[PDB]
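S.K.: One structure is given below, represented as structure tokens, and several questions about it will come after.
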Amino acid sequence: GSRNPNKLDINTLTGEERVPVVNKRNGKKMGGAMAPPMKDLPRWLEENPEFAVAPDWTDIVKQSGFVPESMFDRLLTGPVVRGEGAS
């Protein structure tokens, strides 16, 4: 029950892509629907201190050019919490 970029053409990061964000505390994960847009990630992030960007989006967003390297700290390193349907 998640939305990974394993099948999302990373070329659409021209500012329109919907970068998925995962909450650090509760693990709230949001693919692109409710997630922030590449060209606004820095705004949405600054607005959501409890949220971060998905692991594969840490690298993608990193290259995004829209997010500042100083914000890469919230881009995650790899692991994230997302269940709903497992145990």
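By order in the structure tokens, chains are A, B, ...; within a chain, residues start at 1; ligands start at 1, following the order shown.
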Tell me, which residues of chain A carry DSSP alpha helix (DSSP H), written as a list in words?

M.R.: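 After running DSSP on the backbone, chain A has alpha helix (DSSP H) at residues 41, 42, 43, 44, 45, 46, 47, 55, 56, 57, 58, 59, 60, 61, 62, 63 and 64 of chain A.
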
S.K.: Let me see the file: selected residues, C-alpha atoms, as a PDB file, in the first residue's frame.

M.R.:
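Once everything was written out, this is selection-v6.pdb:
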ATOM      1  CA  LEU A  41       8.842  20.835  -2.893  1.00  0.00           C
ATOM      2  CA  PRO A  42      10.859  23.466  -0.900  1.00  0.00           C
ATOM      3  CA  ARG A  43       7.663  25.316  -0.017  1.00  0.00           C
ATOM      4  CA  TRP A  44       5.611  22.266   0.846  1.00  0.00           C
ATOM      5  CA  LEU A  45       8.506  20.807   2.807  1.00  0.00           C
ATOM      6  CA  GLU A  46       9.103  24.000   4.779  1.00  0.00           C
ATOM      7  CA  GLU A  47       5.366  23.796   5.455  1.00  0.00           C
ATOM      8  CA  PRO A  55      14.004   7.316  -0.597  1.00  0.00           C
ATOM      9  CA  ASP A  56      14.012   6.999  -4.399  1.00  0.00           C
ATOM     10  CA  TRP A  57      12.846  10.584  -4.364  1.00  0.00           C
ATOM     11  CA  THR A  58      15.832  11.543  -2.239  1.00  0.00           C
ATOM     12  CA  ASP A  59      18.001  10.925  -5.269  1.00  0.00           C
ATOM     13  CA  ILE A  60      15.414  12.094  -7.807  1.00  0.00           C
ATOM     14  CA  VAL A  61      14.521  15.210  -5.804  1.00  0.00           C
ATOM     15  CA  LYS A  62      18.233  15.778  -5.209  1.00  0.00           C
ATOM     16  CA  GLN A  63      18.724  16.094  -8.977  1.00  0.00           C
ATOM     17  CA  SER A  64      15.355  17.906  -9.148  1.00  0.00           C
TER      18      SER A  64
END

S.K.: Pick out each residue of chain A that DSSP on the backbone tags as strand (DSSP E); I need them as a list in words.

M.R.: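 Taking chain A and keeping strand (DSSP E) only, one gets residues 21, 22, 23, 29, 30, 51, 52 and 53 of chain A.
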
S.K.: With N, CA and C atoms retained, write the just-selected residues as a PDB file, in the first residue's frame.

M.R.:
ATOM      1  N   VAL A  21       5.708  12.091  -0.363  1.00  0.00           N
ATOM      2  CA  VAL A  21       6.271  12.428   0.939  1.00  0.00           C
ATOM      3  C   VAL A  21       5.790  11.471   2.018  1.00  0.00           C
ATOM      4  N   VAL A  22       6.699  11.116   2.919  1.00  0.00           N
ATOM      5  CA  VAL A  22       6.380  10.213   4.015  1.00  0.00           C
ATOM      6  C   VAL A  22       6.642  10.888   5.355  1.00  0.00           C
ATOM      7  N   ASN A  23       5.656  10.840   6.244  1.00  0.00           N
ATOM      8  CA  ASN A  23       5.809  11.444   7.560  1.00  0.00           C
ATOM      9  C   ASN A  23       6.775  10.622   8.397  1.00  0.00           C
ATOM     10  N   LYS A  29       2.244   8.223   4.159  1.00  0.00           N
ATOM     11  CA  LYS A  29       2.846   8.230   2.832  1.00  0.00           C
ATOM     12  C   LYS A  29       1.859   8.719   1.783  1.00  0.00           C
ATOM     13  N   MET A  30       2.327   9.606   0.917  1.00  0.00           N
ATOM     14  CA  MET A  30       1.486  10.160  -0.136  1.00  0.00           C
ATOM     15  C   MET A  30       2.238  10.218  -1.463  1.00  0.00           C
ATOM     16  N   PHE A  51       7.225  15.943   7.677  1.00  0.00           N
ATOM     17  CA  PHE A  51       7.296  15.091   6.502  1.00  0.00           C
ATOM     18  C   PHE A  51       8.641  15.162   5.796  1.00  0.00           C
ATOM     19  N   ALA A  52       8.900  14.131   5.004  1.00  0.00           N
ATOM     20  CA  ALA A  52      10.122  14.024   4.224  1.00  0.00           C
ATOM     21  C   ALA A  52       9.795  13.407   2.873  1.00  0.00           C
ATOM     22  N   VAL A  53      10.774  13.311   1.985  1.00  0.00           N
ATOM     23  CA  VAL A  53      10.529  12.743   0.668  1.00  0.00           C
ATOM     24  C   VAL A  53      10.995  11.297   0.578  1.00  0.00           C
TER      25      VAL A  53
END
